[PDB]
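Heads up, the Cβs are rebuilt from the backbone with ideal geometry, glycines too, and the neighbour counts pull from every protein chain shown. Any read-out appearing in this document is the output of simple, stated calculations on the displayed coordinates, not a laboratory observation.
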Amino acid sequence: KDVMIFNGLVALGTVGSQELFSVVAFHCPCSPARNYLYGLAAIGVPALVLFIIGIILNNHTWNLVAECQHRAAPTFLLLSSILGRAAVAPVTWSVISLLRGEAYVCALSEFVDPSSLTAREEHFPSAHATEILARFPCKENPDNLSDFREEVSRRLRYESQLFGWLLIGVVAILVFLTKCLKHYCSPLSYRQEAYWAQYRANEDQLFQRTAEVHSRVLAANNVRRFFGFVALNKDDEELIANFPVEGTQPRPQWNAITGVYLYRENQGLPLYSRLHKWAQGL
Amino acid sequence: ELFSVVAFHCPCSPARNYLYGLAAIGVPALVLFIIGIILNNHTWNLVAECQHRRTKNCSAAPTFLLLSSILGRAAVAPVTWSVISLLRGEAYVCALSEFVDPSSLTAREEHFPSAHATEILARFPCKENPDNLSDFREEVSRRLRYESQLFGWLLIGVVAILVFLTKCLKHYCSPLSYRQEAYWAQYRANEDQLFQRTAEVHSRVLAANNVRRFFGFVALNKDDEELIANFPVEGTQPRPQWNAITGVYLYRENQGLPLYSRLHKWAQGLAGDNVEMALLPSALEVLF
Amino acid sequence: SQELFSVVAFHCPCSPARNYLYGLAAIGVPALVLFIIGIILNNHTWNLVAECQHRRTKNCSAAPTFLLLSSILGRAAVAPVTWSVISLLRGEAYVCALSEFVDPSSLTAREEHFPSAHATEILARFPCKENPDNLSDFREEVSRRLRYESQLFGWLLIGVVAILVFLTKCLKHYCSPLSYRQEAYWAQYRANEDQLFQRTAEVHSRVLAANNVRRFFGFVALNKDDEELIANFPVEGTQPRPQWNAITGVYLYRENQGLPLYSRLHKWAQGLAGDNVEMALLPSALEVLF
Amino acid sequence: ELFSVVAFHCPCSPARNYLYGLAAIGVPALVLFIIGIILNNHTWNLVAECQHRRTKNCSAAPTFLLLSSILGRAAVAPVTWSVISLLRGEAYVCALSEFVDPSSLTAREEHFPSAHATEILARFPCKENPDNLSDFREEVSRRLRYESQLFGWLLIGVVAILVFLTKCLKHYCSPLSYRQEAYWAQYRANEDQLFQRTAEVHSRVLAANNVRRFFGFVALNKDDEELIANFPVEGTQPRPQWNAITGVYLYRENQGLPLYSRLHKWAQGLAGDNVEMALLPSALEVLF
Amino acid sequence: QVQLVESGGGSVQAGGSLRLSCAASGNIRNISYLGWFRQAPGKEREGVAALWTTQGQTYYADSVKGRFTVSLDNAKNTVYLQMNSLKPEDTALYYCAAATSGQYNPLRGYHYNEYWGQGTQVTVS
Ligand SMILES: CCCCCCCCCCCC(=O)OC[C@H](COP(=O)(O)OCC[N+](C)(C)C)OC(=O)CCCCCCCCCCC
Ligand SMILES: CCCCCCCCCCCC(=O)OC[C@H](COP(=O)(O)OCC[N+](C)(C)C)OC(=O)CCCCCCCCCCC
Ligand SMILES: CCCCCCCCCCCC(=O)OC[C@H](COP(=O)(O)OCC[N+](C)(C)C)OC(=O)CCCCCCCCCCC
């Protein structure tokens, strides 16, 4: 549906940015206590920015803030909806980075155990043990150590991709569990819930279209009042001709159609939104 | 693209590669198994059936066939992934490389070192093998890749028989002829397409009236004005009315005439004091 | 699909007593799958099962049943045969499977330079080229002897099938009591009935589904052509289960009053196919009162 | 790549490559011969004629001409294939390679070995020959390719004479005139074209009537509605009416006017107690 | 297997007394249901009364309690009723039916046996 169109573009775009980021801007600072922080900041920091960004562009969060400022089940839906639309961006960035393996080996190369390697006896100085290991990802080490470097550069690569798949498995289970909890703990059937979601999308599509039209007509009327004439095209001149000016809505009425919805019904007939509650109420 | 990121990379380390093979194959098989459950609407009305009863009223027999259909329609995606991952051979030669016995190896004289048997064997998938052992690298690879593809064809054969045995048993044990079930299937698809499509139109017409009540007018396109004119809404459907068409249904017959869905069961009138989640208290309590 | 074709590519395991198990699996499994698909998609096997469903008493004897399986298996076996032929003509599946059974003493095109210590092991590895260069001539001598037998069986299998089809179609016309022209008209009727019946089933379900959706919301959103269907083709009810059960099953040319009947639906429409209540939604009306 | 599958591959082995050449050429000719008989409709009415009589009543005089037409018409495809396979020359150099006499070889001094003459000769078509005998190889190849093309061209010469002699005797011995047999041919090709067309229409209208009896209506296309309105059916033709138009017909005349087919002969009324293959027993037995 | 014989139809004014006899012939050994139903043109069919042989309790409709009473002849294996205070609402086709206390397997649904008998009864006024 429309959800897959938005999620698909976001999922693809993050992978493209991650691939672009890795080829143009990623260089391991091969040295102890530096690349570990650099590798950690190459996964969590980009994910955290996307998580905050995903929240800000969502319309429902600011509605939640306004309701809380004016102040269970209604909060369950939004948190299952905003995260389902905002936590996509960090998760895809997180998994591709782990599956790629560049960032993890950039981070844990410092903590590699020199004595845990195989195919030869342990060959590492007592003092420069971490210094030699930390320089493995940069591939600047002498070719004499390439026998040992390949084992480390592939062991940590295995650990990176293993964590990448386990994160996907954890996320896939959570999405399944969220779906079950949303339907099982909901007070209304899923057939009505699908109808409820369709009504909300349709109301906002018409509300946005009408508000823009009403503003233009109201602005046009003020131009007529101020100047005595209006220079409008055929469509704009029609809009006022078909849409009489209702006036200014009272301040409580705008406050009556804002906030969160608890799905309260009035004597059998359901009301699916605050605007529907206000329209049916009066 | 994604294939570059999700490309299989065998970690040539003993007792470590098959764990990666399990994760690189068993996780996509799990995800495709989860997606099949989520997309299948038959798993949600089963939940809705358990939601309203709250007492485990239904027996195992109605649930066993219902639960089987959900898994069967969703297990296809893991199988068509498990088969491909087995016919490729990469995920199995990597997993079973270290378990190859050097004693049974052939196609070369017995030059296999015994100092590190498992370590050397586990390094075959990555071509990190001495050239004196290169005759065994192709010998071990062909033996394991054969078993990978042999298991793939047996998995296809077993699946292609379970599908045959399932369909044969479904028809034989069904109380209806295969033609009536064909008509029944053509009804449910037609009902779902029509029911969802009016639910979208009904919402838009209802939303327009709410918008009209607010701004005094609605901005409709050419086709939307037809929807409002052609289809005028008079109210909204009660929650128990919605709850009468959600759940599972097993061909209940009324007066010799078949019923094909809960909506059809409700339309015939065979489905339809205490007030819950009301906006406002009892009308007497509203006064007080 | 370049990637998906390499999946089903034939990779011969050059190992003894091992390359024919793979050859059997890589060829016998796709042949089995194509056999199953032919059975599933054939409607003549589901009314045979449906015949065994309502009769439940072995009413059909060997005479009608054996003439139904022969039609089901004859139509199904077309796909496995045309795959078992292509595999034989390619020659890859047979040289791989039989490379270990070539007699080393029977080899030719060179003097007896063939080793005798590990003879089965070297022979089995011929299809993968993994052979010493001193036996390159022996490799191609085997590679042509076995590919010849693979294609020799490939052409004999085509020849044998082309005779069975001739014998079957010749005996089918000779033994049938009907003329070949009436069986051609009968085949045209069964094609037209099975097409119109499906076409009306879709319409009669959509119109029935439209009524139920209308009963819920009060209106139905219908396309330009769908709105015509509602007015042109109104429905009033659903056909009873025994009425559906009277048109599903096998049928072998029963004739009434000197006039042929060409299908169970045709036999039912003439009225020649038409107390205890089964699988009812609610108990008897007398029990409803209590 | 069907052509690449059926591409000729000569097994260069004595006493073995002519078995393949026989099979790789004789089986495709056999298949084309069988297909030619099956598709021809003059053999099924011949079977039908031998079906209703059950006693070999018809003499060999009319039977021989019908069989000659079936075999002669069907044998075109094997001949036009057995000619192509001979003009190419690949199938014949492979088959006759071992039978070349080394003593008769020329274009080189008599250096041809006599140790294994057949074994060396049989490998000539596969180019696997020593460079010291390549003079003989290209000499043998041109000798055996010539015999293939010589046989291929003489086969066309024989066929082009048999076709000429068959047609001349078909006109000299037939009692009709060539301008009437042309009219007769233009009729049989028009009766069959119309009869097969009306059979599809009559079946569809009959099939529509039965479906209407089931659902109460028939979903018909724009053009199928014309068939029901223009062409109403009232019943099915009896089995003896279908038997009266199937068989072999040889130009009988009635009262001086010719009859061109047994459907035409039946239409004039010149073709048309015991009940067979009945659904239900006699009406007297039904009562009890 | 079970045939029901019914008689007693007639045309009587308001307040008339009528008695309807439902004679059951066949295998009534497994019958657990005995009662009467009425239907008139332009509306569906309703049940005036019903009796259980096995449990023994009896049903009457809202317009039947104190107005019509149904009796069972156990020895004769027949159903008798009494019609009192005839009304124009009573002009309907009366039928007597039977059932076998159908079981319920959750996979298929309710299955039982049902029988009917055709009768008429119309009050002129
Ligand atoms: C892109 C895909 C390409 C094609 C590949 C697969 C083609 C399958 C086509 C038919 C699918 C289908 O619908 O299967 C139908 C049945 C469902 O059985 P049921 O529960 O009785 O459902 C009742 C019938 N219904 C569906 C009409 C309601 O399936 C099965 O019995 C199982 C499917 C096989 C996969 C899982 C096998 C077990 C796991 C492995 C054990 C070793
Ligand atoms: C993808 C296809 C490419 C073309 C290649 C195949 C040609 C297809 C058209 C001709 C075939 C056809 O029409 O088969 C149909 C007939 C079926 O006859 P029946 O058994 O009486 O069935 C009833 C008659 N009906 C169907 C007309 C109602 O089959 C045969 O008699 C033989 C089928 C050949 C496979 C089995 C051969 C024996 C097994 C191998 C033994 C060594
Ligand atoms: C792709 C195709 C290429 C196109 C050109 C092919 C040629 C077409 C015209 C010729 C066919 C034709 O006319 O066949 C007709 C006659 C059949 O004789 P009849 O019984 O009198 O039939 C009467 C004519 N009918 C059928 C119209 C009613 O055939 C022959 O007697 C000779 C057929 C030639 C091949 C067989 C020769 C013997 C076998 C070989 C021995 C070494």
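Applying the criterion of at least 2 residues that are within 16 Å of ligand 1 (Cβ to nearest atom) and not acidic (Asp, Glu) to the helices (runs of 4 or more DSSP H) found wholly in the stretch C:5-76 leaves C:19-41, C:46-55. All conditions in (1) aliphatic (A, V, I, L, M); (2) touching a helix residue (DSSP H, G or I) at 6+ places or on another chain (Cβ under 8 Å); (3) surrounded by fewer than 17 Cβ atoms within 10 Å (Cβ to Cβ) hold for residue C:41, with the sole exception of (2). Among the residues of the stretch B:216-239, is any in a helix (DSSP H, G or I), of a type in the set (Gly, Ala, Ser) and within 7 Å of another protein chain (Cβ to nearest Cβ)? Within the stretch B:216-239 (the criterion being in a helix (DSSP H, G or I), of a type in the set (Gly, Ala, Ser) and within 7 Å of another protein chain (Cβ to nearest Cβ)), the answer is no, since none of the residues qualifies.
Residue pairs whose Cβ atoms lie under 9 Å apart, separated by 6 or more positions or on different chains, with the first residue in the stretch D:63-77 and within 14 Å of chain C (Cβ to nearest Cβ) and the second within 16 Å of ligand 2 (Cβ to nearest atom) and acidic (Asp, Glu), do not occur. Consider residue D:197 carefully, then state whether it is under 30 Å from residue D:121 (Cβ atoms) and among the charged types (D, E, K, R). Answer is no for this residue. Of everything listed in (1) within 10 Å of chain D (Cβ to nearest Cβ); (2) under 30 Å from residue B:242 (Cβ atoms); (3) not basic (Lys, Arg), the single unmet condition for residue C:153 is (2). Scanning the stretch B:101-146 for residues being of a type in the set (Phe, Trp, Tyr), part of a helix (DSSP H, G or I) and farther than 18 Å from residue A:147 by Cβ gives a total of 2.
Of everything in the stretch E:96-121, what is under 16 Å from the mean Cα position of the chain (by Cα) and over 17 Å from residue E:28 (Cβ atoms)? Give them in sequence order. If the condition is that a residue be under 16 Å from the mean Cα position of the chain (by Cα) and over 17 Å from residue E:28 (Cβ atoms), then E:118, E:119, E:120, E:121 are the ones that fit. Can we say residue C:181 is among the basic types (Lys, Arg), within 7 Å of chain D (Cβ to nearest Cβ) and within 30 Å of residue D:129 (Cβ to Cβ)? Answer is no for this residue.
Of the residues B:166, B:118, only one is under 27 Å from residue C:197 (Cα atoms) and of a type in the set (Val, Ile, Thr); which?
Being under 27 Å from residue C:197 (Cα atoms) and of a type in the set (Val, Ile, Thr) holds for just one of B:166, B:118, which is B:166.
Could you tell me whether residue D:272 is within 24 Å of residue D:61 (Cα to Cα), within 13 Å of chain C (Cβ to nearest Cβ) and either assigned to a loop (DSSP other than H, G, I, E, B) or of a type in the set (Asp, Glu) (or both)? Here the answer is no, as residue D:272 does not meet what is asked. Just the residues that are within 9 Å of chain B (Cβ to nearest Cβ) and in a helix (DSSP H, G or I), please, taken from the stretch C:220-254. Matches in the stretch C:220-254: C:226, C:241, C:242, C:244, C:245.
Let's see how each residue does on (1) under 21 Å from residue E:124 (Cβ atoms); (2) crowded, with 19+ Cβ neighbours inside 10 Å:
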| residue | (1), (2) |
| --- | --- |
| E:29 | no, no |
| E:44 | no, no |
| E:57 | no, no |
| E:79 | no, yes |
| E:88 | yes, no |
| E:94 | yes, yes |
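Contact annotation: residue pairs with Cβ atoms under 8 Å, 6 or more positions apart or on different chains, pairing a residue in the stretch A:58-81 that is of a type in the set (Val, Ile, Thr) with a partner that is surrounded by 13 or more Cβ atoms within 10 Å (Cβ to Cβ) and in a loop (DSSP other than H, G, I, E, B), are A:75/A:260.
One residue stands out in the stretch B:159-181 among those that are under 22 Å from residue B:261 (Cα atoms), assigned to a helix (DSSP H, G or I) and more than 7 Å from chain C (Cβ to nearest Cβ): the one that is farthest from ligand 2 (Cβ to nearest atom), namely B:173. Within the stretch D:240-261, which residues are within 11 Å of another protein chain (Cβ to nearest Cβ) and not aliphatic (A, V, I, L, M)? Residues satisfying the conditions are D:240, D:241, D:242, D:243, D:246, D:247. Filtered by the rule that a residue be in a loop (DSSP other than H, G, I, E, B) and within 7 Å of another protein chain (Cβ to nearest Cβ), the stretch C:264-290 gives C:272, C:275, C:281, C:282, C:283, C:284, C:290.
Exactly one condition in (1) over 26 Å from residue C:40 (Cβ atoms); (2) within 16 Å of ligand 2 (Cβ to nearest atom) is not met by residue C:84; state its number. Result: residue C:84 passes all but (1).
Specify the residue that is farthest from the chain's Cα centre (by Cα); the eligible residues are those in the stretch B:101-115 that are within 29 Å of residue B:22 (Cβ to Cβ) and surrounded by 15 or more Cβ atoms within 10 Å (Cβ to Cβ). If we take residues in the stretch B:101-115 being within 29 Å of residue B:22 (Cβ to Cβ) and surrounded by 15 or more Cβ atoms within 10 Å (Cβ to Cβ), then B:112 is farthest from the chain's Cα centre (by Cα). Scanning the stretch E:31-42 for residues that are crowded, with 19+ Cβ neighbours inside 10 Å and not basic (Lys, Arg) gives E:31, E:32, E:33, E:34, E:35, E:36, E:37.
The sole residue among D:129, D:210 that is closer than 30 Å to residue C:226 by Cβ and surrounded by 12 or more Cβ atoms within 10 Å (Cβ to Cβ) is D:210. Every condition in (1) at the interface with chain D (Cβ under 9 Å from one of its Cβ atoms); (2) surrounded by 17 or more Cβ atoms within 10 Å (Cβ to Cβ) holds for residue C:137 except the one numbered (2).
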